[PDB]
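A note on names: the letters A, B, ... follow the listed sequences, proteins ahead of strands, and every chain is numbered from 1. What's counted below: heavy atoms across the whole structure, side chains too, no hydrogens, waters or symmetry copies.
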Amino acid sequence: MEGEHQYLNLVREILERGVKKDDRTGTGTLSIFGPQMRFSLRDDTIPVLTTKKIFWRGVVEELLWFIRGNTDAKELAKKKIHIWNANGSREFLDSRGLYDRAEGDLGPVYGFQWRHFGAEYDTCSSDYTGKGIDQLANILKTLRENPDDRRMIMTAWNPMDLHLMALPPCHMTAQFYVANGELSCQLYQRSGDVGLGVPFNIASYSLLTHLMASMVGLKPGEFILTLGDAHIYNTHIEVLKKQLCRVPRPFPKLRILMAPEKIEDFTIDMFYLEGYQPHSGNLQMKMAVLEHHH
Amino acid sequence: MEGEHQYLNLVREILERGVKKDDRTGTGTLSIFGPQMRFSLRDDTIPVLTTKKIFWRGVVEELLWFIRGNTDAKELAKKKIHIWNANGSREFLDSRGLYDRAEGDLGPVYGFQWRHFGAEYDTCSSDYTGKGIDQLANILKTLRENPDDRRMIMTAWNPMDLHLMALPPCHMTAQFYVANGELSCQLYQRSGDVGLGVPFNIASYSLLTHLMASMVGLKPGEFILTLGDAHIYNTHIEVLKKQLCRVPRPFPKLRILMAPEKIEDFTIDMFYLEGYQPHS
């Protein structure tokens, strides 16, 4: 089934057939390996879940921060995006043997790889202009000049750099593909928290694909998310069973007002979501209170 | 579906709905993006296609060569495995700007990345003992010690070294996973020649999974092949439509007579296929 049903069906598969495993800290999960979801980006569609409210402004500011090749959690915190703060904290960096790292300095995580792959990392505020392999720039050019290319790979998976990172990347490799004037993206995510990180990854990479299509005169096509270890934390099970009861509404549309000459110069003002109408869950809570009584 | 039916269905889908694209040279393909297939390795099964005869000996000798970390096409050619000879030729190396490279020296392709990731490449005959990141050794150790780990990644996609390679890798990244004492492997293949390379990759990474399970006291679980650009060349179409008319037979079983102490010391004599019955 299409659209949001690909996500809900994944949740159900893990609840019903997942294996009882443990993570790094010994907290309980249900787990399967290798599932895939596919989302249309046609007719301006952007797969932002309707069965719960996604933090859209967080999706955008994180993605633009990636695109700039930035790695300072403090720059997101200034925009009131706090999702990277815990990974940049003194305690977290210390637990990874990053004793000489300033608070907020995540190291060469996603963005740095996207724009500066193979460069030597100094701090999150050093000037990395023309350093390393600009994977994202290379793909944009290839999309303009030779869109049939089968090597349009962007990876954050550098085994030399993993020990310098707050955490090893999980949305780790993407491939782009063009057919009939349409740009598709597949993401390989080795580890996906299906209750929390995965809905965010779907919105984030779908947005990246709409933005990249802008840059290169193509239309958006599909976003494919392929997972390694797809898991649900035991603490989320009950909330996710209630989410599965909620009928999806149509996905919102992304409206782009302009595209700048360089993709790192996108600002949040240049595009918006039209028709985003997520569940609040109030009607379901009312029916639970009413049904209990009978 | 069952294993081989997933391969035949993928072929049907590309012939039926694929897009008319071109490759590097401008030679025609039909193409889709993002298909997946899944093969059970339970009960000793190994997905070697029955609807045509796979070059099993070529599968094994190429895989062992990868596992040793070797990159000399001439070592394969000595065992009458010639699948790498064209990419190691004077003409092909020159077309890549590798004018200083001895014939058959492919550079730091697949196996060098598996066993020596990040080491400086000299020639295919240099001694790379204890050089670079031994990704494969790290995973086998993680499998014994911490089989729930979610970072059991092996990659050949090293952007720094792509220009040194006869070809950029297409079977580029694998992940390993364990549940219930079973070892599963997912391969990311960015570019699959569905008519020729893909049946090979399925046999190769399925064999790798059986062998790795051997080394670490686990049973084989599944192999998942995830494609990027999955394509059929125009010249393979007639032969593939005839292959689709053949009813699959049950997959062979892999028998392992022994596992050596180190995975790079496996030889073809240490395992075989039992009950392989392909169509002629």
If you define the side chain from C-beta out and look only at heavy atoms, does anything of [X] sit under 4.5 Å from [Y]?
X	Y	value
A/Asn158	B/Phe117	yes
B/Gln186	A/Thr226	yes
A/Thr173	B/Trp157	no
B/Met160	A/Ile133	yes
A/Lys21	B/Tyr177	yes

Worksheet item: What part of A/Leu167 lies closer than 4.5 angstrom to a heavy atom of chain B: side chain, backbone, both or neither?
Response: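 Side chain only.
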Worksheet item: A/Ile32 versus chain B, heavy atoms under 4.5 Å apart: side chain, backbone, both or neither?
Response: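 Contact with chain B involves the backbone of A/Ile32 alone.
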Worksheet item: Checking heavy atoms, do the side chain of B/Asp23, its backbone, both or neither come under 4.5 Å from chain A?
Response: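 For B/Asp23, backbone and side chain are both near chain A.
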Worksheet entry | chain A contact via B/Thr29 - side chain, backbone, both or neither, heavy atoms under 4.5 Å |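 B/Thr29 touches chain A through side-chain heavy atoms alone.
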More than 12 heavy atoms of other residues, nucleotides or ligands under 6.0 Å from [atom1] of [X]: yes or no?
X	atom1	answer
A/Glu2	CD	no
B/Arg17	CZ	no
A/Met1	CE	no

Residue among [options] with most heavy-atom pairs under 4.5 Å to chain A:
options	result
B/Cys170, B/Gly228, B/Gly118, B/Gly221	B/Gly228
B/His231, B/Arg38, B/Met152, B/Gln135	B/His231
B/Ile153, B/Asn180, B/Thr155	B/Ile153
B/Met172, B/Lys20, B/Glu222	B/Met172
B/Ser184, B/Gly132, B/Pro168	B/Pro168

Fill in: B/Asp149/A/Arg24 salt bridge by N-O under 4.0 Å criterion
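Not counted as a salt bridge, because no side-chain N and carboxylate O are separated by less than 4.0 Å.
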Worksheet item: Sub-3.5 Å donor-acceptor pair from the side chain of A/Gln175 to the main-chain atoms of B/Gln189, do we have one?
Response: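 No, the answer is negative, given that no donor and acceptor are paired below the 3.5 Å cut-off.
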Worksheet item: Side chain of A/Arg190, backbone of B/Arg150: donor and acceptor closer than 3.5 Å?
Response: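 Checked: pair present.
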Discussion item. Ring-plane angle category for B/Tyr188 and A/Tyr188, please: parallel below 30°, perpendicular beyond 60°, tilted otherwise.
Written reply: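 Correct class here is perpendicular.
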Worksheet entry | Heavy-atom closest pair, residues A/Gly34 and B/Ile224 |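 Residues A/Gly34 and B/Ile224, closest heavy atoms: CA-CD1, 4.3 Å.
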